[PDB]
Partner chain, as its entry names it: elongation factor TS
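One chain comes next, on its own, written as structure tokens: the form deposited without the partner chain.
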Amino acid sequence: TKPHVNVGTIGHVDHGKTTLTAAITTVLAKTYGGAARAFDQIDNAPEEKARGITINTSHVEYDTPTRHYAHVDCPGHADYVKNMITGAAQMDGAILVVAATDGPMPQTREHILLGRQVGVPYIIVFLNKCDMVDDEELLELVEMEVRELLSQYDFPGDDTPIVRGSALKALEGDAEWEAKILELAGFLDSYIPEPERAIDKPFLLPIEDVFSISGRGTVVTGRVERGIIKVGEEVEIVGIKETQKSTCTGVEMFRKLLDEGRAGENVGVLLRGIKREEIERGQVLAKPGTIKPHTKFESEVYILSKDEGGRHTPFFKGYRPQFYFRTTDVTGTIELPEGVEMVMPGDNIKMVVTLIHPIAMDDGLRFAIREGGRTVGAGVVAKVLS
């Protein structure tokens, strides 16, 4: 069917993220077909939980002539912080809403900064509330400021699409302003490339279990997160101990014996010449030379509030929690940012971590911070260091 693209609105409080999300669904419904959604339905976001965190997020769907979008919009700045760090969402692109009446504000900068830390790949801007400002000189200056802010965080500010519009008058039915929503939807379609499919990425399978089987073989089980493993191909077993090479001599699903395992399937992968005791929890299977084992990384983390079931007590530079990467806990030590010495429940910070065992990782890998098997925080690898 139609390509599916994950997007969302980001930007400072009251700059109009919700009004825009409802305008997009409404204008697109009236122009290309679908269901309009009103302000009040999106603004009243439900709660959701995963990785052990609670976030208020509205999920909306809309279509352009050629694509289908799943769009996320959230009530407060804290919701955005939580969603960006985990991957409740996992935006292929974001719409940064900047009210022309205020220019960029503190949360404008923070959402861009986090977008980069967490690897949001593209940002398009909707310069909202242009029905309140006549002055073209002022609109031009606001645009220049946003482009500069974007480039400070490494986004291509000079080449970023910026639409001048009014989410409110578009929502209200003013054709001239509705046309700017259609321009925005055009940039979602032309500026965000079709996302790479998991199936097209290098093979990767987090090992969930291991069995010594029949003849002499060890089988490792897990879900194919990415790519495809074919019988006869070589694999690296990466993480925890020194990388090993092996060959897939079999792929099975229940009683079905297959010639390959593909993205999204739960399989058992038969490994040649590896004994059960060479397999450790936390290891992954990967296409060789495609992911490396690391111990040290920079991350952005959100620490759960007491209320969300997180710690009730703050932590300091000596904190030595477990970092749960895909399938298992790995203890690590932390390094706190400049200034900081106390991290309160409910806080989000950049944290440098050193694990005691290497984990196959690349930027964007998510993790849970655990304490005696209880989730107390959530993070994303922003930069692998060694």
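Positions refer to the first chain, counted from 1. Between two forms, the rigid core is the largest collection of C-alphas that superpose within 1.5 Å.
Only in words, not in the display: the form deposited with the partner chain bound, which the text now covers.
Site residues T18, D73 and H77 are all in contact with the partner chain in the entry with it bound, judged by any heavy atom within 4.5 Å. Interface membership of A22, defined by any non-hydrogen atom within 4.5 Å of the partner chain in the entry with it bound, is confirmed. The partner chain is not shown here, but in the entry with it bound it comes within 4.5 Å of a heavy atom of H59. Heavy atoms of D14 reach within 4.5 Å of the partner chain in the entry with it bound, making it an interface residue. The shortest heavy atom separation between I199 and the partner chain in the entry with it bound exceeds 4.5 Å. Between the partner chain and the residues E277, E242, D159, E137, the one pair within 4.5 Å by heavy atoms in the entry with it bound involves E137. Exactly one of the stretches 247-255, 118-126, 96-104, 229-237 approaches the partner chain in the entry with it bound with heavy atoms within 4.5 Å, and it is 96-104.
For the partner-free chain shown, just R374 of 360-386 comes within 4.5 angstroms of the partner chain in the entry with it bound, judged by any non-hydrogen atom. Here the rigid core is superposed between this form and the one not shown, and of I207, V301, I162, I291 the C-alpha of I162 is the only one to shift by 2 Å or more. In a rigid-core overlay of the protein, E196 has its C-alpha displaced by under 2 Å between this form and the one not shown. After superposing the rigid core, the C-alpha of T101 moves by 2 Å or more between this form and the one not shown.
With the core held fixed, the Cα of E277 is displaced between this form and the one not shown by less than 2 Å.
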